[PDB]
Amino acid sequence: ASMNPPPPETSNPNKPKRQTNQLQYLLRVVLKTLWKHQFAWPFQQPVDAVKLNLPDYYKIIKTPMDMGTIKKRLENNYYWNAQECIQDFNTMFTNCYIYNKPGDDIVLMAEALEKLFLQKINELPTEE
């Protein structure tokens, strides 16, 4: 195979929606802070394995995830639980570590973003 898969779903009108202080925090503080990090750009959209000429990317990574998708999910109220969003961030980081090798610059970039992510998640507000 060579083609990219369709990108992850970001909206589903059939799913119930709610606003919570934790979901708001995840968009306003966590996602936004990570987005503006200098090393954020490789994580701001789905991996285009065609453009990058990486035909094995989607043979190795079967649960792709990226911050562009996460951001849109938050904006579309796709997540009911903060934990769903946190899981998507963790999937993004682990995919990077699984596909690439320890010494790669892209892994260094991911590790920097992850450190910041954990700092912000450690400050997650108690549910209101």
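The first residue of the sequence shown is number 1, and the count goes up from there. Rigid core (definition): largest C-alpha set, two forms, superposition within 1.5 Å.
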Practice item. May I ask which stretch, 105-113 or 16-24, sits farther from the shown form in 6 other deposited structures of this protein once every structure is superposed on the core, judging by RMS CA distance? Key: 16-24
Study note, to complete from the structure: Higher of the two mean Cα B-factors (9-17, 108-116; per PDB record) comes from 9-17
Exercise for review: Would you mind comparing 64-72 and 31-39 for me and telling me which has the higher average C-alpha temperature factor in the entry?
Suggested key: 31-39
Exercise for review: Among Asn53, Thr91, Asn81, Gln45, single out the one with the highest C-alpha B factor in the record, please.
Suggested key: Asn53
